[PDB]
């Protein structure tokens, strides 16, 4: 996987400490969570080729997360990989999202809550994962 060196976000659940770094700590038991329309931004160690994103949303069989994914080299000007996606509720395995490869230093997810409530909660994200999951092409 591509090294995530820094994570930032619009906000987070500070009472439970569901901080942005939890999205990239390699532990599916910790999560980032924020309410309302939110965003979480992943900075890689360098600009590099991106071919997949692994997303492990919280309570996936109960809650489908609505989100969009953007990429950038400067962290200021964004291009979409896909907009208005929902995560699957089929199982608890996460999903491997695929797309025409791009070059990026930053990946940003703009999130819109779930079909259950207005929290966005993600256990883990990884970039260029080898997870043994079927490819879900997103655009």
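Positions refer to the first chain, counted from 1.
For the pair 88-96 and 107-115, the record assigns the higher mean C-alpha temperature factor to 88-96. In this entry, 45-53 shows the higher mean Cα temperature factor of the pair 45-53 and 64-72.
Ranking 122, 9, 130, 21 by the C-alpha B-factor listed in the PDB entry places 130 at the top. Ranked by C-alpha B-factor against the other modelled residues of its chain, residue 15 falls in the middle third. Among the modelled residues of its chain, residue 28 has a C-alpha B-factor that falls in the highest third, as given in the PDB entry.
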